[PDB]
Protein chains: 2
Amino acid sequence: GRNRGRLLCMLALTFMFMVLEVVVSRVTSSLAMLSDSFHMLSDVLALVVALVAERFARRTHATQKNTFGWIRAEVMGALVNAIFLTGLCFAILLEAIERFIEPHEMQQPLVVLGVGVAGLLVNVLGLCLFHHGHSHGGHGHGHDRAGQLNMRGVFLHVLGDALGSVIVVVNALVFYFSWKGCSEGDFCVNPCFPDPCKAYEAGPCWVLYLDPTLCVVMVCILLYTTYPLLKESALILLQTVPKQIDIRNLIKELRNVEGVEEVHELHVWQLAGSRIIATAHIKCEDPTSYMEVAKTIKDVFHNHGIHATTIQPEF
Amino acid sequence: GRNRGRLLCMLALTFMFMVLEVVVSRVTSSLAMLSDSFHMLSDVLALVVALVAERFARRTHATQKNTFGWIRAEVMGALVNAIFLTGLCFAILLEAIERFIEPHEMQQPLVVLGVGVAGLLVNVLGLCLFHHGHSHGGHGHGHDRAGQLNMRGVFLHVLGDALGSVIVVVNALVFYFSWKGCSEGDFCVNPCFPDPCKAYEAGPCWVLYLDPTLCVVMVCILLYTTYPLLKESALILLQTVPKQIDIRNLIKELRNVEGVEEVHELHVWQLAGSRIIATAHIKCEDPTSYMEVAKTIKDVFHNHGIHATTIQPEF
Ligand SMILES: [Zn+2]
Ligand SMILES: [Zn+2]
Ligand SMILES: [Zn+2]
Ligand SMILES: [Zn+2]
């Protein structure tokens with residue numbers, strides 16, 4: 001409820017800021033603003049993926065197209081958001097390099113500054129806002145993490161953009177305060193800026209390379225903060241034993257338990273969130289005591305937290 | 001062996017064509033070629049993430065950080081390649097739109113045509129070249145798909161680029177054969193092309209919008225051919241029952257087996273490739289006949305192909 005509401009609100013606000021950019025470009029007769037319209041198309045794509053994902057994670061029930069259900073869909077949503085952000089980070093880095101090798105000068109600094117401040121406000125609002133395993137429930141004795149991962153994915157995109165907004169605002173301010181370049185055409189020369197199109201002193205060209213370098217630094221930050229989630233997400237999709245559980249201790253402890261000849265094929269794997277699933281085979285001697293033995297076996301897995309289990313007797 | 005060899009060969013050839021583009025740009029004093037040097041960073045990135053996938057998928061061996069192995073790592077490699085291609089497709093579409101709204105004219109058509117023909121040859125070479133679940137093996141009676149998915153992922157990128165090379169070559173040819181635009185400056189006017197920088201008849205402007213539209217069409221093709229894999233890959237990561245297996249028939253057939261009145265918690269899920277894993281609970285009356293009953297139970301799962309199983313008795 002709350003999560004879907006937050007995502008829908010941000011998607012709606014994102015469309016509103018898209019319309020604001022388009023109309024501002026229309027009044028100003030500029031096209032790079034329209035280019036900013038498309039970054040907005042990309043934030044809208046992250047938000048829509050995070051959401052298919054919330055509806056779907058909710059169908060936590062035993063369908064027959066998935067005997068397990070869909071919570072893993074939410075983890076995958078987090079994963080794909082992370083991968084999308086990493087791809088956008090690489091494309092941003094390659095644009096930063098392309099602007100380092102080819103400096104780019106912009107026009108109408110005031111409207112750029114205004115749209116950048118508005119985007120900074122929107123992104124700060126988003127960052128403040130976004131701050132059948134038979135497991136989550138039931139003691140589990142028998143005869144929520146995914147939400148955090150999905151929101152951290154959306155939070156990283158919003159942070160990414162926010163850093164983009166900070167870079168645009170700072171660059172526009174530095175241009176307006178410290179760049180005195182010439183465009184009138186009378187006593188006009190651009191020594192630093194190459195490519196002064198076709199055939200006083202211009203502004204300090206060092207400032208223009210202020211834009212690339214910070215962007216590069218920016219992506220590093222994002223990549224750093226992106227790395228744990230895509231690690232965590234790709235391990236929720238690798239059937240790796242969760243870090244809290246160690247298998248060597250489990251094997252020796254199980255065998256310690258009475259009546260148990262062995263264990264073989266112990267697979268412990270983590271479902272989406274805290275729904276760790278473990279299946280085992282346990283050799284015994286007397287099948288009748290097997291049941292009490294199996295309850296002891298359930299007690300072990302249990303101490304270790306694995307409260308969903310299937311342990312074949314293999315007499 | 002063969003797969004790692006193909007991937008390493010294409011990565012090496014990709015670096016060679018990167019160096020060729022950089023040196024050609026150096027001789028020609030052009031920078032958009034350097035832009036082509038960067039798409040190359042992306043083809044190289046797919047090729048590396050398709051590989052770490054190959055390196056890991058072979059460690060199919062009961063580790064204690066992952067009790068299943070890493071074949072799922074290969075499926076995830078396929079998945080991430082697909083997602084990367086889809087992201088590049090969206091960015092390409094948004095660049096195509098940005099060039100539709102702002103037409104772009106290029107210089108030095110001959111070197112662009114040569115690099116495009118070389119890239120077309122490289123991409124055609126790549127397309128012709130790239131054309132413990134205890135399941136793959138063992139009868140499995142007891143007391144390779146992932147490679148296709150990973151290569152189809154790499155094949156789709158290579159196809160994507162190949163279509164990019166075809167578009168660049170065709171556009172360069174059409175410019176050289178049907179575009180007679182003016183740049184000398186004497187009896188010179190660009191009516192269609194707006195933004196003729198700062199202050200005869202130019203070439204037909206309809207051709208210049210030839211570049212955007214085809215690109216858009218191109219991405220559609222890619223998206224179409226990309227959709228099944230990312231569906232197939234994201235279901236290998238959703239624990240959904242494989243399409244060949246239906247659960248309703250399985251439940252009734254297991255119930256029809258003599259000595260069984262119950263099944264509960266039937267989970268059937270597909271490991272990476274054809275390593276379908278199914279765990280079940282089966283209630284019985286006489287534990288001694290349970291063993292022969294369990295062999296019958298193994299026969300059922302088996303017919304259905306589920307060749308790894310754990311089936312707790314719950315007497
Ligand atoms: Zn963004
Ligand atoms: Zn317990
Ligand atoms: Zn490519
Ligand atoms: Zn069989």
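Residues numbered from 1 in each chain as written, not as in the entry; some residues may be left out. Chains lettered and ligands numbered in written order. Heavy atoms only, no water. Residues with missing side-chain atoms left out of burial classes, pairs and counts.

*Asks:* How would you explain the pattern of salt bridges if you had to name every residue and give the values?
*Replies:* Side chains that differ in charge, positive against negative, can pair when their charged atoms come close. Residues and elements named next belong to chain B. Enumeration according to the criterion identifies three salt bridges over all chains in this entry. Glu232 is the partner of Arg145 in a salt bridge, and the nearest nitrogen-oxygen pair spans 3.2 Å. The exposure class of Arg145 is partly exposed, given its relative accessible area of 31%. Looking at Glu232, the relative accessible area reads 30%, which means it is partly exposed. (Salt bridge = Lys/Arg side-chain N within 4 Å of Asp/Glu carboxyl O. Buried < 20%, exposed > 50% of the residue type's maximum accessible area, 1.4 Å probe, protein only.)

*Asks:* For the environment of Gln64 of chain B, give the residues involved together with the corresponding values.
*Replies:* Mapping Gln64 of chain B onto the fold places it in the loop between α2 (32–57) and α3 (71–101). Under the relative-accessibility criterion, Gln64 of chain B is labelled partly exposed at 38%. Separated by 24 residues in the primary sequence, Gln64 of chain B and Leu88 of chain B have C-alpha atoms spaced 36 Å apart. Beyond its immediate stretch of four places on either side in the chain, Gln64 of chain B contacts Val241, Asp246, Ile247 and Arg248 of chain A. A polar atom in the side chain of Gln64 of chain B sits 3.1 Å from the side chain of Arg248 of chain A. (Helix = DSSP H or I, 4+ residues; strand = E, 2+ residues; numbered from the N terminus. Contact = heavy atoms within 4.5 Å. Polar contact = N/O pair within 3.5 Å; in protein donor to acceptor, adjacent residues only side chain to side chain.)

*Asks:* Can you explain the UniProt feature "transmembrane region" in chain A? Please cite residues and give values.
*Replies:* Residues and elements named next belong to chain A. In the UniProt entry, the feature "transmembrane region" is given for residues 7–27, 32–52, 75–95, 110–130, 155–175 and 203–223. The annotated region residues 7–27 carries 100% helix and 0% strand content, and the separation between its end C-alpha atoms amounts to 30 Å. Secondary structure content for residues 110–130 is 95% helix and 0% strand, and the end C-alpha separation is 30 Å. (UniProt positions renumbered as here; feature names shortened; annotations may be inferred.)

*Asks:* Which residues make up the relation of the copies chain B and chain A, and what values do they have?
*Replies:* Superposition of the two copies of the chain requires a rotation about an axis and a shift along the axis. Superposition of chain B onto chain A requires a rotation of 180° combined with a translation of 0.0 Å along the rotation axis, giving an RMSD of 0.2 Å. As the rotation angle and translation indicate, the two copies are arranged about a two-fold axis. Relative to the rotation axis, the closest C-alpha in chain B is found at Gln312 of chain B, a distance of 2.3 Å. Of the interface residues in chain B, 100% have counterparts in chain A that sit at the interface too, so the contact is made through matching surfaces. (Least-squares fit on C-alpha atoms.)

*Asks:* Give me the coordination of the zinc ion (ligand 2): which residues, what numbers.
*Replies:* Residue and element names in this part refer to chain A. Distances from the zinc ion (ligand 2) to its protein donors, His139 (NE2), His141 (NE2) and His307 (NE2), fall at 1.9 to 2.4 Å. A relative accessible area of 57% places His139 in the exposed class. Given the relative accessible area of 22%, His307 is considered partly exposed. (Donors = N, O, S within 2.8 Å, 3.2 Å for Na, K, Ca; no water.)

*Asks:* Summarise the interface of chain B and chain A; cite the residues concerned and give the values.
*Replies:* Each side of the interface is counted separately: chain B has 58 residues, and chain A has 60 residues. Among the elements of the structure, α2, α3, α7 (210–236), α8 (247–255), β1 (264–271), β2 (275–281) and β3 (308–312) of chain B are those that each provide at least two residues to the side of chain B that touches chain A. For the side of chain B that touches chain A, the element with the most residues is α3 of chain B, which contributes 13 residues.

*Asks:* Before we move on, could you go through the domain arrangement of chain A and cite the residues and values that matter?
*Replies:* Residues and elements named next belong to chain A. Segmentation of chain A into domains returns domain 1 (2–236) and domain 2 (247–312). The interface is formed by 15 residues belonging to domain 1 together with twelve residues belonging to domain 2. Put simply, domain 1 and domain 2 have five residue pairs in polar contact between them. Elements with a contribution of two residues or more to the side of domain 1 that touches domain 2: α3 (71–101) and α5 (145–178). Per-element tally for the side of domain 1 that touches domain 2: the top contributor is α3, with three residues. Along the lines of polarity and charge, the residues of the side of domain 1 that touches domain 2 split into five nonpolar, eight polar and two charged. (Domains from an automatic or database assignment. Nonpolar A, V, L, I, M, F, W, Y, C, P; charged D, E, K, R; others polar.)

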